[PDB]
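Next up, upload_13.cif (mmCIF, C-alpha atoms):
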```cif
data_work
loop_
_atom_site.label_atom_id
_atom_site.label_comp_id
_atom_site.auth_asym_id
_atom_site.auth_seq_id
_atom_site.Cartn_x
_atom_site.Cartn_y
_atom_site.Cartn_z
CA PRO E 28 8.94 -15.79 10.67
CA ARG E 29 7.93 -12.53 12.41
CA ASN E 30 7.79 -10.66 9.07
CA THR E 31 4.57 -12.37 7.85
CA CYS E 32 2.21 -10.57 10.28
CA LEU E 33 3.60 -7.01 9.96
CA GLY E 34 2.28 -5.80 6.59
CA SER E 35 0.15 -7.48 3.87
CA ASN E 36 0.95 -9.17 0.53
CA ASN E 37 -1.01 -9.39 -2.72
CA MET E 38 -0.53 -13.18 -2.94
CA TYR E 39 -3.46 -15.37 -1.81
CA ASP E 40 -2.01 -18.80 -2.73
CA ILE E 41 -2.98 -21.88 -0.67
CA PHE E 42 0.52 -21.70 0.89
CA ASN E 43 0.43 -17.90 1.47
CA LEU E 44 -3.06 -18.03 3.07
CA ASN E 45 -1.84 -20.57 5.64
CA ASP E 46 1.23 -18.42 6.45
CA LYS E 47 -1.04 -15.44 7.28
CA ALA E 48 -3.45 -17.73 9.18
CA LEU E 49 -0.68 -17.85 11.83
CA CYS E 50 -1.37 -14.20 12.72
CA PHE E 51 -4.93 -15.03 13.85
CA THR E 52 -3.48 -16.64 17.01
CA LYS E 53 -0.04 -14.95 17.02
CA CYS E 54 -1.59 -11.50 17.59
CA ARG E 55 -2.51 -11.23 21.27
CA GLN E 56 -4.21 -8.16 22.73
CA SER E 57 -0.74 -7.14 23.93
CA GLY E 58 1.12 -4.61 21.79
CA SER E 59 3.59 -6.57 19.67
CA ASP E 60 6.27 -6.10 17.02
CA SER E 61 4.47 -8.61 14.83
CA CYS E 62 0.93 -7.37 14.43
CA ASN E 63 -0.16 -4.79 11.93
CA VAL E 64 -3.79 -5.32 12.83
CA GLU E 65 -5.31 -3.08 10.14
CA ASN E 66 -2.95 -4.45 7.43
CA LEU E 67 -3.87 -8.08 8.16
CA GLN E 68 -7.64 -7.56 8.38
CA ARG E 69 -7.26 -5.59 5.13
CA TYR E 70 -5.54 -8.66 3.61
CA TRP E 71 -8.43 -10.95 4.63
CA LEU E 72 -10.99 -8.32 3.55
CA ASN E 73 -9.37 -8.21 0.09
CA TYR E 74 -9.41 -12.03 -0.28
CA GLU E 75 -13.13 -12.13 -1.12
CA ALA E 76 -12.25 -9.42 -3.68
CA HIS E 77 -9.46 -11.61 -5.14
CA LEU E 78 -11.97 -14.48 -5.41
CA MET E 79 -14.46 -12.25 -7.22
CA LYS E 80 -11.76 -11.04 -9.63
CA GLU E 81 -11.17 -14.52 -11.05
CA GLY E 82 -14.21 -15.84 -12.89
CA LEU E 83 -13.90 -19.40 -11.61
CA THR E 84 -16.36 -21.71 -9.92
CA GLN E 85 -13.89 -22.78 -7.22
CA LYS E 86 -14.03 -24.33 -3.71
CA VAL E 87 -11.39 -23.71 -0.99
CA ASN E 88 -11.24 -25.88 2.15
CA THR E 89 -8.46 -25.05 4.65
CA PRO E 90 -8.87 -25.71 8.43
CA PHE E 91 -9.55 -21.95 8.94
CA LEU E 92 -10.98 -20.58 5.63
CA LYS E 93 -13.75 -22.31 3.62
CA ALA E 94 -14.59 -20.40 0.39
CA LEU E 95 -17.23 -20.93 -2.35
CA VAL E 96 -17.14 -18.84 -5.57
CA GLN E 97 -19.90 -19.61 -8.15
CA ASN E 98 -22.37 -17.95 -10.58
CA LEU E 99 -26.08 -17.19 -9.93
CA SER E 100 -28.65 -17.20 -12.77
CA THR E 101 -30.72 -13.98 -13.01
CA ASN E 102 -34.53 -14.33 -13.25
CA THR E 103 -34.48 -17.48 -11.09
CA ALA E 104 -37.77 -16.51 -9.38
CA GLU E 105 -36.47 -18.22 -6.20
CA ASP E 106 -34.53 -17.16 -3.08
CA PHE E 107 -30.98 -18.63 -3.11
CA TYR E 108 -30.14 -20.71 0.01
CA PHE E 109 -26.59 -21.74 1.07
CA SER E 110 -25.16 -24.08 3.78
CA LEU E 111 -22.81 -22.22 6.15
CA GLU E 112 -21.86 -25.44 7.99
CA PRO E 113 -18.52 -24.49 9.64
CA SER E 114 -17.01 -27.96 9.13
CA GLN E 115 -17.54 -28.03 5.34
CA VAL E 116 -17.19 -25.65 2.34
CA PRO E 117 -20.53 -23.84 1.62
CA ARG E 118 -22.94 -25.48 -0.85
CA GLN E 119 -26.19 -24.26 -2.46
CA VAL E 120 -29.25 -25.91 -0.91
CA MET E 121 -32.02 -27.27 -3.10
CA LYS E 122 -35.74 -26.60 -2.53
CA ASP E 123 -36.54 -30.20 -1.45
CA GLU E 124 -33.63 -30.44 1.03
CA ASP E 125 -34.02 -29.90 4.78
CA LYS E 126 -32.83 -26.39 5.61
CA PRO E 127 -29.39 -26.40 7.35
CA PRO E 128 -29.04 -25.04 10.95
CA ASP E 129 -26.34 -22.68 9.60
CA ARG E 130 -27.61 -21.08 6.34
CA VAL E 131 -27.89 -17.79 4.38
CA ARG E 132 -30.95 -16.85 2.26
CA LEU E 133 -30.21 -14.31 -0.52
CA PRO E 134 -33.52 -12.78 -1.84
CA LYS E 135 -34.24 -12.51 -5.57
CA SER E 136 -34.15 -8.77 -4.88
CA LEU E 137 -30.38 -8.86 -5.40
CA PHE E 138 -30.59 -8.34 -9.17
CA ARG E 139 -32.55 -5.08 -8.96
CA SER E 140 -29.77 -3.73 -6.69
CA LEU E 141 -27.13 -4.18 -9.46
CA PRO E 142 -26.36 -2.02 -12.59
CA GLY E 143 -27.81 -3.12 -15.95
CA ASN E 144 -30.02 -6.06 -17.00
CA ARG E 145 -27.88 -8.88 -15.51
CA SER E 146 -27.61 -12.27 -17.26
CA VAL E 147 -25.33 -13.94 -14.67
CA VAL E 148 -23.66 -12.51 -11.51
CA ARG E 149 -20.75 -13.92 -9.45
CA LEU E 150 -21.26 -14.78 -5.72
CA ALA E 151 -18.45 -15.51 -3.19
CA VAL E 152 -19.56 -17.13 0.11
CA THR E 153 -16.57 -17.48 2.51
CA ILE E 154 -16.54 -18.62 6.18
CA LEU E 155 -13.31 -17.54 7.94
CA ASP E 156 -12.18 -18.64 11.41
CA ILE E 157 -10.63 -15.65 13.24
CA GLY E 158 -9.07 -17.22 16.39
CA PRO E 159 -8.45 -15.42 19.76
CA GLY E 160 -6.15 -12.66 18.47
CA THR E 161 -6.96 -8.98 17.86
CA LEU E 162 -7.79 -9.49 14.16
CA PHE E 163 -11.47 -8.76 13.40
CA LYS E 164 -12.33 -7.86 16.98
CA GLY E 165 -11.83 -4.13 17.06
CA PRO E 166 -12.26 -1.55 19.87
CA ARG E 167 -15.67 -2.78 21.00
CA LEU E 168 -14.69 -6.34 21.90
CA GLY E 169 -10.94 -5.95 22.57
CA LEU E 170 -12.23 -5.32 26.10
CA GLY E 171 -11.22 -8.01 28.60
CA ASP E 172 -14.12 -10.10 29.99
CA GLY E 173 -16.43 -8.05 27.71
CA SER E 174 -17.68 -9.50 24.41
CA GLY E 175 -16.65 -11.55 21.35
CA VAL E 176 -17.24 -12.81 17.85
CA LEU E 177 -19.19 -15.94 18.63
CA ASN E 178 -17.08 -19.04 17.95
CA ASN E 179 -14.40 -16.70 16.54
CA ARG E 180 -16.18 -17.45 13.25
CA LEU E 181 -17.15 -14.98 10.53
CA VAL E 182 -19.20 -15.40 7.31
CA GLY E 183 -18.21 -13.52 4.14
CA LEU E 184 -20.71 -12.61 1.40
CA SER E 185 -20.02 -10.49 -1.71
CA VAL E 186 -21.82 -10.20 -5.07
CA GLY E 187 -20.82 -8.19 -8.14
CA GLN E 188 -17.88 -6.36 -6.45
CA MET E 189 -20.02 -3.67 -4.76
CA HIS E 190 -18.59 -2.36 -1.45
CA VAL E 191 -21.81 -0.91 -0.06
CA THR E 192 -25.25 -1.82 -1.40
CA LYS E 193 -28.72 -1.26 0.05
CA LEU E 194 -31.04 -4.21 -0.55
CA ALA E 195 -34.80 -4.02 -1.19
CA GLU E 196 -35.42 -7.21 0.83
CA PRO E 197 -33.02 -8.06 3.72
CA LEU E 198 -30.72 -11.11 3.46
CA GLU E 199 -31.13 -13.44 6.46
CA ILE E 200 -28.17 -15.39 7.97
CA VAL E 201 -29.05 -18.15 10.49
CA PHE E 202 -26.40 -18.99 13.12
CA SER E 203 -26.85 -22.30 15.02
CA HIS E 204 -25.75 -22.27 18.70
CA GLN E 205 -26.92 -23.26 22.19
CA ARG E 206 -28.64 -20.57 24.31
CA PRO E 207 -25.84 -18.38 25.85
CA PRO E 208 -25.69 -17.81 29.68
CA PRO E 209 -28.04 -15.27 31.41
CA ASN E 210 -26.81 -11.66 31.52
CA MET E 211 -25.17 -12.22 28.10
CA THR E 212 -27.12 -11.12 24.98
CA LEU E 213 -26.15 -11.89 21.38
CA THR E 214 -26.36 -9.10 18.75
CA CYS E 215 -25.27 -9.70 15.12
CA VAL E 216 -23.20 -7.29 13.04
CA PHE E 217 -21.13 -6.72 9.88
CA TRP E 218 -17.53 -5.48 9.60
CA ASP E 219 -18.00 -1.82 8.68
CA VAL E 220 -14.60 -1.00 7.11
CA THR E 221 -15.18 2.62 8.19
CA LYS E 222 -16.75 2.37 11.68
CA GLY E 223 -13.79 3.55 13.74
CA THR E 224 -10.03 3.71 13.24
CA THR E 225 -9.12 0.42 11.46
CA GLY E 226 -12.84 -0.49 11.12
CA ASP E 227 -15.15 -2.23 13.67
CA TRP E 228 -18.37 -4.32 13.97
CA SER E 229 -21.67 -2.47 13.42
CA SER E 230 -25.29 -3.56 14.03
CA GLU E 231 -26.67 -0.91 11.62
CA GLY E 232 -29.52 -2.28 9.49
CA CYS E 233 -29.22 -5.78 11.00
CA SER E 234 -32.14 -6.97 13.17
CA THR E 235 -31.43 -9.96 15.45
CA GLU E 236 -34.16 -12.51 16.32
CA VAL E 237 -33.13 -15.06 19.00
CA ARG E 238 -34.29 -18.60 18.10
CA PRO E 239 -34.31 -21.60 20.51
CA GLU E 240 -31.47 -23.27 18.57
CA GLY E 241 -29.65 -20.16 17.24
CA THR E 242 -30.31 -16.58 16.02
CA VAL E 243 -31.68 -15.23 12.71
CA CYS E 244 -30.07 -12.07 11.28
CA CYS E 245 -31.86 -10.03 8.60
CA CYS E 246 -29.51 -7.34 7.15
CA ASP E 247 -30.78 -4.87 4.56
CA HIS E 248 -27.30 -4.31 3.12
CA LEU E 249 -24.59 -6.29 1.34
CA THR X 250 -18.87 -7.81 3.64
CA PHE X 251 -17.95 -9.90 6.68
CA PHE X 252 -20.82 -10.99 8.92
CA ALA X 253 -20.84 -12.30 12.47
CA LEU X 254 -22.86 -12.82 15.63
CA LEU X 255 -21.39 -10.98 18.64
CA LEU X 256 -21.55 -12.04 22.32
CA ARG X 257 -21.98 -9.01 24.60
CA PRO X 258 -22.62 -8.75 28.39
CA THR X 259 -26.04 -7.34 29.34
CA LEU X 260 -25.78 -3.64 30.37
#
```
Encoded form using structure tokens:
Amino acid sequence: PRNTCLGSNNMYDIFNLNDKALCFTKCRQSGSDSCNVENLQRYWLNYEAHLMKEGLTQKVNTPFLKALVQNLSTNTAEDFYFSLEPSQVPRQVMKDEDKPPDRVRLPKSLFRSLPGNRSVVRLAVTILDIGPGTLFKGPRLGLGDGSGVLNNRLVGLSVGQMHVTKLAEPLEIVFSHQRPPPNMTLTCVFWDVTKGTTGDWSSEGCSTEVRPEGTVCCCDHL
Amino acid sequence: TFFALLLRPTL
């Protein structure tokens, strides 16, 4: 039972995912036998890879991880919108639909930032729930009474299996929340795999606009 | 690429 947290495994089966989802809460700030923090957050980081590897339009819907893999048509001449509603698996929004409070707009500029004249490219929009443990917190927020991933929730995007890409136009991600307390700002970030030891959150190339009913986050990288 | 909003106490 203790062996599941220490070290990662290649298997990302519905059963296996759930087993590793334990660690999210199992791994308290306290030093423990059980948590290989960097191994586990590597595991989760490699999941969106594993989804990209299989060429399948698939939907996952566990109580922690909601994943959407699908294909995007090149030369669409339209910005792709998606519904990052935490309750439900992500779904592409149509032009005539009301825009969701939680959404991600991917500019048409994505194709130019990919090798060769693309016909169709694979997109993998995941929305993972981290929990209160040390996984995907890092040095910056591991501080007591300091800071935290809002809602212990985290939105995964990946297109065409490119680790680091610079985008012509920035992709915006809208997060819907009630105004946080005074003396408590809210800055958005991405998990830079190579920020510190074991990775950490970075605000590099991600401008944060505070809305009444959330925050908008334009990031010029994917 | 994981993405997230981050609460942080005002310095």
| said: Env of residue 187 in chain E: 10 Å cut, atoms = only C-alpha atoms, seq-sep filter 2 positions within chain, self excluded. Answer as a list in words. | reply: residues 76, 79, 80, 137, 138, 141, 142, 147, 148, 149, 150, 151, 185, 189 and 190 of chain E
Residue by residue, what does the PyMOL selection byres ((chain X and resi 258) around 12) grab here? Present the result as a tab-separated table (two decimals) with C-alpha atoms, keeping the file's coordinate frame.
```
chain	number	residue	atom	x	y	z
E	167	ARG	CA	-15.67	-2.78	21.00
E	168	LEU	CA	-14.69	-6.34	21.90
E	170	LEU	CA	-12.23	-5.32	26.10
E	171	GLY	CA	-11.22	-8.01	28.60
E	172	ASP	CA	-14.12	-10.10	29.99
E	173	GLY	CA	-16.43	-8.05	27.71
E	174	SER	CA	-17.68	-9.50	24.41
E	175	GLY	CA	-16.65	-11.55	21.35
E	207	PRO	CA	-25.84	-18.38	25.85
E	208	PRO	CA	-25.69	-17.81	29.68
E	209	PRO	CA	-28.04	-15.27	31.41
E	210	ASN	CA	-26.81	-11.66	31.52
E	211	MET	CA	-25.17	-12.22	28.10
E	212	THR	CA	-27.12	-11.12	24.98
E	213	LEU	CA	-26.15	-11.89	21.38
E	214	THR	CA	-26.36	-9.10	18.75
X	255	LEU	CA	-21.39	-10.98	18.64
X	256	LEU	CA	-21.55	-12.04	22.32
X	257	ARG	CA	-21.98	-9.01	24.60
X	259	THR	CA	-26.04	-7.34	29.34
X	260	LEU	CA	-25.78	-3.64	30.37
```
| request: With a distance cut-off of 10 Å and all atoms listed in the file, select the neighbouring residues of residue 254 in chain X, excluding the residue or stretch itself and same-chain residues fewer than 6 positions from it, and output the selection as a list in words. | output: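 With the cut-off at 10 Å, the set is residues 175, 176, 177, 178, 179, 180, 181, 182, 200, 201, 202, 213, 214, 215, 216, 217, 228, 230, 235, 242, 243 and 244 of chain E.
Every protein, DNA or RNA residue with an atom at most 6 Å from range 59-75 of chain E, where all atoms listed in the file count and chain neighbours fewer than 6 positions away do not, is listed here: residues 29, 32, 33, 34, 35, 162 and 225 of chain E.
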| task | Using CA of residue 241 in chain E and CA of residue 204 in chain E as the two end points, give the distance in Å to one decimal. | result | 4.7 Å
| Hey, what comes out of the PyMOL selection byres ((chain E and resi 113-115) around 8) on this file? Could you write it as an MDAnalysis selection string? | chainID E and resid 88 93 111:112 116:117 154
| request: Can you work out the spacing between CA of residue 77 in chain E and CA of residue 38 in chain E in Å, to one decimal? | output: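 Result for CA of residue 77 in chain E versus CA of residue 38 in chain E: 9.3 Å, one decimal.
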| query | With all atoms listed in the file as the basis for distance, which of E:231, E:247, E:240, E:219 is at the shortest distance from chain X? | reply |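 Of all the options, E:219 lies closest to chain X.
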